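Visitor: here are the coordinates; sequence isn't available:
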Ligand SMILES: Cc1cn([C@H]2C[C@H](OP(=O)(O)O)[C@@H](COP(=O)(O)O)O2)c(=O)[nH]c1=O
Ligand SMILES: [Ca+2]
């Protein structure tokens, strides 16, 4: 897989963000994770985390997997990086997302994220407290 450029348009919540990709505004849904909705426990904390990571980044990138690049709602499906750090993985390591929605053929980073989830669960962080 490879990273491609994007720029931040606006934070949305823990697992969605509005980015400009190839010069067009699009909402992205982060692959392989599920954050609580804003109205649920840890939803606001997940939103704050990804808003900070994205807004402080000098360089945002997106990486598509091998499979579907948009979902049935027209959201782009990717892994998002902020100054080289994967947001998807960071959420999971902090106990602010569960590994979820693992569909065959868009699951390249599944085991990386499961290892983060195991470390978050060991530490009893956030969702795992
Ligand atoms: C992460 C992801 C979600 N989706 C669809 C499955 C879920 O359908 P339903 O809306 O029918 O539940 C929805 C979950 O996203 P949200 O967690 O953003 O609500 O998005 C995909 O199709 N592919 C994906 O990789
Ligand atoms: Ca969600």
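Guide: Right, received. Where do you want to start? Residues are numbered from 1 along each chain as shown. Ligands and ions are numbered 1, 2, ... in the order given.
Visitor: for residue 97, give me its contacts.
Guide: 14, 15, 30, 33, 34, 35, 46, 88, 91, 127 (CB atoms under 8 Å, 6 or more residues apart in numbering). The C-beta positions use only the backbone N, C-alpha and C, and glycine is treated the same way.
Visitor: from the residues you listed, which land in helices?
Guide: Mapping the contacts of residue 97 onto helices (DSSP state H) picks out 46, 88, 91.
Visitor: hang on, the earlier thing: now the contacts of residue 97 in a markdown table, with distance to ligand 2 and neighbour count?
Guide: Output for the contacts of residue 97, formatted as a markdown table (distance: CB to the ion, whole Å; neighbours: other CB atoms under 10 Å):
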| residue | distance to ligand 2 | neighbour count |
| --- | --- | --- |
| 14 | 7 | 28 |
| 15 | 5 | 27 |
| 30 | 9 | 27 |
| 33 | 8 | 24 |
| 34 | 5 | 17 |
| 35 | 5 | 25 |
| 46 | 8 | 26 |
| 88 | 13 | 24 |
| 91 | 11 | 29 |
| 127 | 12 | 20 |
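Visitor: which ones among these map onto strands?
Guide: Those of these mapping onto strands are 30, 33, 34, per DSSP state E.
Visitor: who does the strand ranked longest in the chain pair up with?
Guide: Identified as the longest strand of the chain according to DSSP E is strand 3-11. Here strand 3-11 has these sheet partners by DSSP bridges: strand 16-21 (antiparallel), strand 60-63 (antiparallel).
Visitor: possible to save those strands as TSV with mean neighbour count and distance to residue 3?
Guide: As requested, the strands paired with strand 3-11 are exported to TSV (neighbours: other CB atoms under 10 Å; distance: least, CB to CB, whole Å):
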stretch	mean neighbour count	distance to residue 3
strand 16-21	19	12
strand 60-63	20	4
